[PDB]
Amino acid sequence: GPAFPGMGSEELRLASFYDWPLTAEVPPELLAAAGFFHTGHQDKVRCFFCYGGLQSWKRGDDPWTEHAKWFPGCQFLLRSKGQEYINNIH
């Protein structure tokens, strides 16, 4: 099951980005869709399922790609995107 079931809702995850500092550079819509919520500190986000954290986002970073790059064992990632997607990133 998820590490943090309370953030399993995409809508709740999106709401968490109200004070996101990088709206143009990395859209909250994409971050939330990819399982991430904003911690509220700097640009630090975390996946509700695997609890993997990511920071220091660069302009044009793709949340799903970074999710698969750093946390390829996440079951939310697997269910959402499939194994072929994860394999291709590695």
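Numbers for residues come from their place in the sequence shown, where the first is 1.
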property	result
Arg59, C-alpha B-factor rank within chain (lowest, middle or highest third)	highest
Chain third (lowest, middle, highest) by recorded CA B-factor, residue given as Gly1	highest
Assigned third (lowest, middle, highest) for the C-alpha B factor of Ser16	lowest
CA B-factor ranking of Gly82, expressed as a third of its chain	lowest
CA B-factor placement of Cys50, once the chain's modelled residues are sorted into thirds	lowest
